[PDB]
Amino acid sequence: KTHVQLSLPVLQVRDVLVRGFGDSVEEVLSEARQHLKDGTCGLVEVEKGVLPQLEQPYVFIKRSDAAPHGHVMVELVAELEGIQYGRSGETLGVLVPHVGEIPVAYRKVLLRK
């Protein structure tokens, strides 16, 4: 399928044990896609002071359309030293590995895969 319905656990930034997916734009987009497919991806909601607590390159989920079965359509945009790789809508949050942190909520997304 071109799109996959996912429910992403929303994590508090101070709980996150693994604070990024890797060391290049291409690696983090790769790893984020694999974790999204394997159900091992968390979402951190971006506010003042969140991003400096996480590791670059960042992977964002961004709204790609203006929501089938409650799932907001999103795509992946990566960021390194203030340059973004991809073009999309508003940020729903930053993706991180999920290694068993307790979530505060779930964000239903339809991921363009």
# chains A, B, ... in the order shown; residues from 1 in each chain; ligands from 1
$ select_by_dssp --residues "region 15-103 of chain A" --states "strand (DSSP E or B)" --output "list in words"
residues 41, 42, 43, 44, 58, 59, 60, 61, 62, 63, 72, 73, 74, 75, 76, 77, 78, 79, 80, 83, 84, 85, 91, 92, 93, 94, 95, 96 and 97 of chain A
$ write_last_selection --atoms "C-alpha atoms" --output "compact mmCIF listing (two decimals), in the first residue's frame"
# COMPACT_ATOMS: atom_id res chain seq x y z
CA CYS A 41 8.60 4.62 16.40
CA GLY A 42 7.56 7.31 18.94
CA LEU A 43 6.49 10.92 18.39
CA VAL A 44 7.66 13.92 20.45
CA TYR A 58 15.81 15.36 13.02
CA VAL A 59 12.91 13.52 11.34
CA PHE A 60 9.57 15.41 11.37
CA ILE A 61 6.10 14.13 10.47
CA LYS A 62 4.32 16.98 8.65
CA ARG A 63 0.61 17.21 7.60
CA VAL A 72 -4.04 12.66 9.55
CA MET A 73 -2.06 12.12 6.31
CA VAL A 74 1.63 12.89 6.95
CA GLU A 75 4.99 12.67 5.24
CA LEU A 76 8.62 12.62 6.51
CA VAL A 77 10.89 15.72 6.33
CA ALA A 78 14.47 15.53 7.74
CA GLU A 79 16.49 18.52 9.07
CA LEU A 80 20.28 19.04 9.62
CA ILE A 83 18.35 22.68 6.06
CA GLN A 84 15.25 20.47 5.44
CA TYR A 85 15.06 17.56 2.97
CA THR A 91 4.81 19.63 11.99
CA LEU A 92 2.87 17.06 14.11
CA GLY A 93 6.14 16.23 15.94
CA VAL A 94 9.65 14.75 15.75
CA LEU A 95 10.08 10.97 15.39
CA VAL A 96 12.36 8.95 17.71
CA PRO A 97 12.97 5.25 18.35
$ select_by_dssp --residues "chain A" --states "alpha helix (DSSP H)" --output "list in words"
residues 25, 26, 27, 28, 29, 30, 31, 32, 33, 34, 35, 36, 37 and 38 of chain A
$ write_last_selection --atoms "N, CA, C and O atoms" --output "compact mmCIF listing (two decimals), in the first residue's frame"
# COMPACT_ATOMS: atom_id res chain seq x y z
N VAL A 25 21.19 12.60 7.06
CA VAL A 25 19.79 12.80 6.60
C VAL A 25 19.28 11.48 6.02
O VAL A 25 18.16 11.08 6.34
N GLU A 26 20.07 10.81 5.18
CA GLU A 26 19.59 9.61 4.47
C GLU A 26 19.38 8.48 5.51
O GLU A 26 18.40 7.72 5.35
N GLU A 27 20.26 8.39 6.51
CA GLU A 27 20.17 7.29 7.51
C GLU A 27 18.93 7.51 8.38
O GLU A 27 18.23 6.53 8.69
N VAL A 28 18.69 8.74 8.81
CA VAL A 28 17.59 8.99 9.78
C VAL A 28 16.26 8.75 9.06
O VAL A 28 15.37 8.16 9.65
N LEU A 29 16.12 9.16 7.78
CA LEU A 29 14.87 8.94 7.03
C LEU A 29 14.66 7.44 6.84
O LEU A 29 13.52 6.97 6.97
N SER A 30 15.73 6.71 6.52
CA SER A 30 15.74 5.23 6.38
C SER A 30 15.26 4.55 7.66
O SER A 30 14.31 3.73 7.61
N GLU A 31 15.95 4.86 8.76
CA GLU A 31 15.68 4.25 10.09
C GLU A 31 14.26 4.63 10.52
O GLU A 31 13.53 3.75 10.98
N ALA A 32 13.85 5.88 10.33
CA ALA A 32 12.50 6.32 10.75
C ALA A 32 11.45 5.49 10.00
O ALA A 32 10.55 4.89 10.65
N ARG A 33 11.63 5.31 8.69
CA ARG A 33 10.72 4.49 7.85
C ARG A 33 10.67 3.04 8.35
O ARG A 33 9.55 2.50 8.49
N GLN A 34 11.82 2.44 8.65
CA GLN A 34 11.88 1.05 9.17
C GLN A 34 11.12 0.95 10.50
O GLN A 34 10.35 0.00 10.66
N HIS A 35 11.36 1.87 11.44
CA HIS A 35 10.73 1.87 12.79
C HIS A 35 9.22 2.09 12.64
O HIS A 35 8.41 1.44 13.34
N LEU A 36 8.82 2.94 11.71
CA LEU A 36 7.38 3.21 11.47
C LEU A 36 6.71 1.92 11.02
O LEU A 36 5.64 1.60 11.59
N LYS A 37 7.37 1.16 10.14
CA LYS A 37 6.86 -0.12 9.58
C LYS A 37 6.85 -1.18 10.69
O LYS A 37 5.89 -1.97 10.70
N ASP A 38 7.84 -1.20 11.60
CA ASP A 38 8.04 -2.26 12.63
C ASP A 38 7.26 -1.93 13.92
O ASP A 38 7.32 -2.75 14.85
$ closest_residue --among "A:68, A:23, A:47, A:102" --to "residue 3 (chain A)" --atoms "only C-alpha atoms"
A:68
$ closest_residue --among "A:50, A:66, A:105, A:99" --to "residue 17 (chain A)" --atoms "only C-alpha atoms"
A:99
$ closest_residue --among "A:104, A:109, A:64, A:10" --to "residue 88 (chain A)" --atoms "only C-alpha atoms"
A:64
$ closest_residue --among "A:39, A:52, A:70, A:57" --to "residue 98 (chain A)" --atoms "only C-alpha atoms"
A:39
